[PDB]
Amino acid sequence: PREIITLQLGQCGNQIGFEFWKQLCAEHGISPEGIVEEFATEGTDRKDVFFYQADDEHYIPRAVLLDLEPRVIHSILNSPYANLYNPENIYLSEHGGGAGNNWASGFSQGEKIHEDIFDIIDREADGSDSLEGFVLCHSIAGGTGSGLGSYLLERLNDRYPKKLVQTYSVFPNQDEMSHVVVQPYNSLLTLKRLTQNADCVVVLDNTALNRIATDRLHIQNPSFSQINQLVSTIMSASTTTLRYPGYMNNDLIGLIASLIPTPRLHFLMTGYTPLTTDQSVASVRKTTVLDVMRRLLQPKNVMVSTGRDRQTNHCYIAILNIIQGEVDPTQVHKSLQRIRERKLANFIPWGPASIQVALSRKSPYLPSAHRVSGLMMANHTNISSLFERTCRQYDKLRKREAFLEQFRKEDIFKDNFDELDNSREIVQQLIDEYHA
Amino acid sequence: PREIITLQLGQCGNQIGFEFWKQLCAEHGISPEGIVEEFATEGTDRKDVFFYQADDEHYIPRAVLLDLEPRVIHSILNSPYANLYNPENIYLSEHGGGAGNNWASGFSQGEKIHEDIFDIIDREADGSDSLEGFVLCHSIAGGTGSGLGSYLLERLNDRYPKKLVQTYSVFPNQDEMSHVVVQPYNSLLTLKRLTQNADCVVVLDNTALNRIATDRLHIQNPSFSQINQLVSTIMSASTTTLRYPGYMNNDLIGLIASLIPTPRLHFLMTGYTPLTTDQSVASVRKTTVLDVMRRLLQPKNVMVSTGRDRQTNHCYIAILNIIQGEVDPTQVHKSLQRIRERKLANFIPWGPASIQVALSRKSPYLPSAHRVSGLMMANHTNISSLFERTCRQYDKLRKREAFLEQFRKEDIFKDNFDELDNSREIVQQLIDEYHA
Amino acid sequence: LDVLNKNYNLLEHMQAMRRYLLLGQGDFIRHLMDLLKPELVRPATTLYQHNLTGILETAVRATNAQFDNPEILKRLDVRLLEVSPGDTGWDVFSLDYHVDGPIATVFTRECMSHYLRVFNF
Amino acid sequence: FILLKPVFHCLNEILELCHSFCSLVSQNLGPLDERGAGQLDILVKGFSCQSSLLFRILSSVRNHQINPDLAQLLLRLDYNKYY
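Each chain carries its own residue count, beginning from 1 and running in the order its sequence is written; this scheme need not agree with the entry numbering, and residues with no coordinates do not appear. In the order they appear in the text, chains get letters beginning with A and ligands get numbers beginning with 1. Every figure given here refers to the displayed chains, which form just one part of a larger assembly. Only heavy atoms go into the side-chain values, all of them from the structure, while hydrogens and water stay out.

Draft legend 1. Unusual backbone geometry, seen in detail. Residue and element names in this part refer to chain A. For the bond from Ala99 to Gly100, the omega torsion is -5 degrees, close enough to zero to count as cis. Position of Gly100 relative to the elements: it lies in the loop between β6 (63-66) and α3 (103-108). Although it is not a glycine, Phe403 sits at a positive phi angle of roughly 60 degrees. Counting through the fold element by element, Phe403 comes out in the loop between α12 (384-398) and α13 (418-432). The rule is simple: take the accessible area with a 1.4 Å probe, protein chains only, and divide by the maximum for that residue type; under 20% is buried, over 50% is exposed, in between is partly exposed. For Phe403, a relative accessible area of 11% gives the class buried. Secondary structure elements follow DSSP: runs of H or I no shorter than four residues count as helices, runs of E no shorter than two count as strands, and numbering proceeds from the N terminus.

So, in structure tokens, the structure goes:
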């Protein structure tokens, strides 16, 4: 009765949501063809959370997988986790459209599958007891996922009044500009819809990902396939207080409420420490819980690139530390004492902040209940570093004579370009303005 | 001693009663000319309630079969169910008439065979001292059963209003329009006599069957003959506390008493869920009592069309929910708590309403008494949608000007055409006024 | 400790009264209070009680579909208090882990009077 | 025989009072008569003597643990008069 429909979209965005469901099948003790384990009732006392209750004695996802190219969805039927998905109830078979590239391509193409894109998500919320909302699992990389992914931010904001909108925006490799070059454009276009039509977002970047991909995995080839494993894990980690009972803030509309002071300051930084083959073997000899929430305030587990000097030009207001698995609970309240002792995150003097600590039980399967995982879902005002990063690459691109005539043949015959520069400079000043 | 005399009439009207009686022999566990087992009397504790009471060891129908075409009863003369009827009494073999495809052919043959049509149904009532009534097993379809049946709706109303009159009105097929074209005309004349010279009608829509026949049976093209199968089952289904002895509402005028607050608001929508034969391979392990009567508040169990956007603009006043067979009887009072709590229908809040649940045993033949059956006999006030649907097809015909002197050469020498548009807006407004 | 294990499941109900009345499991209780919220906003009545009794039963089927088999749900009930009508109508509704058997040897009347006080906070 | 005195008297009086609603209907051309409306007026009193008498039972039904199975049955037919 807090059920969320994922709107998986994009060429990359279906892939990052694919392993999110494959992650869920391993903790719910299901198989992608039935129910097998009895650990499913004894471990989780509420299996429904993003699943519709059974009509074949099998829990059905609430997932939709739409993309312009049919190639990405044909890259799922060769896997037999496409028998967890049904052929026309979850993905629609042969979803067509453009090639595609440019943000304005996919934005006008949802207006002609306008009937049909909302008849597969209104055709699943038609069973739901009371729908919480919608999580739009889409990508800013390419023009396919970013173009159409921005359209569902409009139409769910005038046909749904009190439903949660929130996207896991994955900004592409910023050092690359030869992989995609329409990148400062499709990013700032989407950033405008997230500050006057979205509520809250979860920011992620790839150049800071690869900072961890060469330190904890030590693979020297960056690709889409090795980067969906890091992404699916924090998706399931962020809602384990709805998957299993919490206590207080046991809703997702509980967690998010305390992570936001005002809109256009709702961009949350994620951090996720364990990605090593040494962490599994050092939790058997005990690892402490009094230092897995003092290691998250070291900035090198974060997937959002920011200064080493913008971390004392900005003050934290809400920081949430959800530890899962092993957790020693006669000293977990003692671990939250020790944050104020180090002062590695500052706090606002004029208003009251929050050092939020939370806990939740995992899978009743042992090597996924005895390892220390520390999830951070921060709210730091140093998120303006990515906005300056996209915005300096945007004014730079238009002075290199590009997308001033290569963007004005896709139904765009007016200026709306300096509407994107000025609206980003208002957002970036108002984030900083909220602290004194 | 509630002996009912059936008036099976019309081309299609003989066909829907033909299998009604053939079902009853199948449920009495007896051959059609004798009594062949002792499981018939120990299992069925009262077999006679339409049948003529026994004195030859075989129970014989109280049926009259009139049609203008003698061809439907000659396809019964050589069929081996002519010993479950009589070809010199029950049905007159070689009963003439026209084709017929006129309302005024049959209306004027009942005005010269007027003595004989009422002396074939009081020779079928001479085995009961105190008669229940007459059930008009006739159709609004074609001009035979609909042309002659309006004469019987008046003259059995002014010689017998004390008694039950009740018809199963099987609406003309609206996908026919080139085979029958007198269809808006003969339908509104028989409906005009049904709102003041009749107690009850039981509305049945034909085009709304064939909607369900392609979703639960999945036959390639539902043709008339596989449409008579769906009616005869629901007919034997409505008598299940009248045949097998109940204890509450064990007369037919018992059930109908709380399903009719006021005349001309008596039109019952019928629903029957076990059309899906995937209910049966799940009720062999039991399908719960907690969901067998929530599916009688599902707006897709209906055999009749009604509004959907008029289900929040109107309210239910009386809905009867017959579950049959296996029921588990001690959690049926637990299920009725749970109807009102989700709110799966609206119900009027100003005055009297009733959500009636009943239960009954079936046949001593287990391969049709171990599969959950749900009969809805609704009365919802959005039934005024059907009177608009027929009327939009009536005034559209009078605007091409047909049947304004091509219909006044036989027994009409007046103009009662705008009396039928008027009588329909009278009906639609007095139904709509009753709630608030 | 062996006769309880066969009959009463005593030290499991030591855990079970902590999961509802103190809300160890909040999802069960949020999913109750949710449907219940348009019903508590109005002033209390004497036509009040008949739907609080089935807003529980509509809640424990709505929040499970695989944990109805235990006898824990049947041994917890809804407790009502005679509250006068002037008030929101929220300090009326309360749950209690219904005991009255030889299972009430670790529960007593001075116990559920203190469970009534922790329930309000 | 629901509870010894009170409730049992409310109920058999209920079926006595609609047995006179039968004798109120059994008139042929009843309402267009002076006695047709005269008889009506007495019974609309005799009925609210029962809706109020049933109402005192409901306060005791609200009051905790009279007999729960008595209160679940009597409120079930009452929400069944409403919805």
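Having put the structure on the table, let's press on.
Draft legend 2. Region of the structure containing the pairing of strand β4 (residues 164-170) of chain B. Residue and element names in this part refer to chain B. Burial runs high along β4: seven of the seven residues are buried. In β4, alternate side chains face the same way, and those of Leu164, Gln166, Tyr168 and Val170 on one face and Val165, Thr167 and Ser169 on the other are all buried. Handedness of the β-α-β unit built from strand β3 (residues 133-136), helix α5 (residues 144-155) and β4 comes out right-handed. Both β4 and strand β5 (residues 200-204) contribute to a ladder of five bridges, which runs parallel. By the bridge assignment for β5, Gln166 is matched with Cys200. Note on handedness: a crossover is taken as right-handed if, strands pointing away from the viewer, the path from the first strand over the helix to the second is clockwise. Handedness of the crossover is the feature at issue here: the chain leaves β4, passes through helix α6 (residues 183-193), returns alongside β5, and the resulting connection is right-handed. The pairing criterion is simple: DSSP has to find at least two bridges between the two strands.

Draft legend 3. Focus on helix α3 (residues 27-40) of chain C. Residue and element names in this part refer to chain C. A helix's residues, less one, multiplied by 1.5 Å, set its expected span. Across its 14 residues, α3 extends 19 Å between first and last C-alpha, which sits within 8% of the 20 Å expected from 1.5 Å per residue. Two axes are fitted around each residue, one to the seven residues ending there and one to the seven starting there, and the angle between them is reported as the bend at that residue. Maximum bend of α3: about 35 degrees, positioned at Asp34, with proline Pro38 one to four residues after it. All of the buried residues in α3 are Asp27, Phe28, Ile29, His31, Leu32, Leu36, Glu39 and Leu40. Residues of α3 that are buried sit in contact with α4 (49-52), α5 (59-62) and β2 (93-96). Contacts between residues were defined by any pair of non-hydrogen atoms, one from each residue, lying within 4.5 Å.

Draft legend 4. Expanded view of the environment of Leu116(C). Residues and elements named next belong to chain C. Position of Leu116 relative to the elements: it lies in helix α6 (residues 109-120). The exposure class assigned to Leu116 is buried, which follows from its relative accessible area of 15%. The sequence separation of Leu116 and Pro70 amounts to 46 residues, and the corresponding C-alpha distance is 24 Å.

Draft legend 5. Molecular detail of the layout of surface pockets. Two kinds of site are reported from a 1 Å grid over the protein atoms alone, namely cavities, where a 1.4 Å probe fits but cannot get out, and pockets, open sets with protein on both sides within 12 Å along at least five of seven lines, and residues are called lining when an atom falls within 4 Å of a point. Grid points are joined across faces, edges and corners, and a volume is the space filled by probe spheres set on the points. Of the voids in this model, the second largest pocket is the one considered here, and its volume is about 1600 Å³. In terms of lining, the second largest pocket is formed by 35 residues, of which the most central are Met248(B), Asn249(B), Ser258(B), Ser354(B) and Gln356(B). Breaking the lining of the second largest pocket down by element, the ones donating at least two residues are β7 (316-324), α9 (332-335) and β8 (354-358) of chain B together with α5 (68-79) of chain D.

Draft legend 6. Molecular detail of the pattern of salt bridges. Salt bridges are identified by distance alone: a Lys or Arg side-chain nitrogen within 4 Å of an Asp or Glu carboxyl oxygen. What the rule picks out here adds up to 39 salt bridges over all chains. A salt bridge links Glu124(A) to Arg62(A); the shortest N-O distance between them is 3.8 Å. Of this pair, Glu124(A) sits in the loop between α3 and β7 (131-136) while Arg62(A) sits in the loop between β5 (60-61) and β6, and the two are 62 residues apart along the sequence. For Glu124(A), a relative accessible area of 14% corresponds to the buried category. Note that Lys399(B) and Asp395(B) form a salt bridge whose closest N and O atoms lie 3.7 Å from each other. Residues participating in the shared-partner salt-bridge network are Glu3(A), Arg46(A), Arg62(A), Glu124(A) and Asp27(C).

Draft legend 7. Structural view of the sheet that holds β8(B). Residue and element names in this part refer to chain B. Ordered in space as β2-β1-β3-β4-β5-β6-β9-β7-β8, the nine strands form an open sheet in which the pairing is mixed. The open sheet has two edge strands with one neighbour each: β2 (63-66) and β8. Mean inter-strand twist for the sheet, computed between neighbouring axes without regard to direction, equals 20 degrees. As judged from the four bridges shared by strand β1 (residues 4-9) and β2, these two strands associate in the parallel manner. Across the sheet, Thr6 pairs through a bridge with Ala63, a residue of β2. Strand contacts of helix α7 (residues 229-238): β4, β5, β6 (267-272), β7 and β9 (373-380), with the helix running at about 105 degrees to β6, the strand carrying the most contacts. To define axes, lines are fitted to C-alpha atoms, for helices over the stretch in contact only, and angles between the resulting N-to-C directions are given on a 0 to 180 degree scale.

Draft legend 8. Representation of the sheet that holds strand β1 (residues 3-9) of chain A within the structure. All names here are of chain A. Strands sit in the order β6-β1-β7-β8-β9-β10 across an open sheet of six strands; the sheet is parallel. The two strands at the open ends of the sheet, each matched to only one other strand, are β6 and β10 (267-268). Where helix α1 (residues 15-27) meets the sheet, it contacts β1, β6 and β8 (164-171), and its direction lies at approximately 140 degrees from that of β1.

Draft legend 9. Representation of the interface of chain A and chain C in the model. Residue-level contacts link 19 residues of chain A with 16 residues of chain C. Taking both sides of the interface into account, the surface hidden between chain A and chain C amounts to around 1500 Å²; carbon and sulfur atoms contribute 43%. Put simply, buried area is the surface a 1.4 Å probe can reach on two separate parts but cannot reach once they are joined, added for both. Together, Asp45(A), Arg46(A) and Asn250(A) form the three largest contributors to the area buried by chain A at its contact with chain C, with a combined 32%. Seen at the junction of chain A and chain C, the total is two salt bridges.

Draft legend 10. Representation of the nonpolar core. Residues and elements named next belong to chain A. Counting residues in each nonpolar core, the largest one holds 68 residues, and the members touching the most others are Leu7, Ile121, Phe134, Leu152, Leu156 and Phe407. Each residue touching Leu156, except ones within four places of it in the same chain, is listed here: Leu7, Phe118, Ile121 and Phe134. Definition used in this section: a nonpolar core is a set of buried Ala, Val, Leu, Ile, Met, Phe, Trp, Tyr and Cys residues joined via side-chain atoms within 4.5 Å. Membership of the second largest hydrophobic core comes to 54 residues, among which are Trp21, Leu84, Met235 and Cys315.

Draft legend 11. Structural view of empty space enclosed by the protein. Here the structure, examined in full by the defined rule, presents 14 cavities of 30 Å³ or more. Taken as a whole, the largest cavity spans an internal volume of roughly 250 Å³. When residues of the lining of the largest cavity are traced back to their parent elements, those giving at least two are β1, α1, β8, α9 (252-255), β12 (318-324) and β14 (373-379) of chain A. Just so you know the grouping, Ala, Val, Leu, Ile, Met, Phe, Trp, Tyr, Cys and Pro go in nonpolar, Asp, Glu, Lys and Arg go in charged, and all remaining residues, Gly too, go in polar. Taken together, the residues of the lining of the largest cavity break down into 16 nonpolar, four polar and one charged. Lining of the second largest cavity is provided by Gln166(B), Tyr168(B), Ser238(B), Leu252(B), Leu255(B), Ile256(B), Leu259(B), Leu320(B), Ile322(B), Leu375(B) and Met377(B). Those elements that place two or more of their residues in the lining of the second largest cavity are β4, α8 (252-255), β7 and β9 of chain B. Counted by class, the lining of the second largest cavity contains nine nonpolar, two polar and no charged residues.

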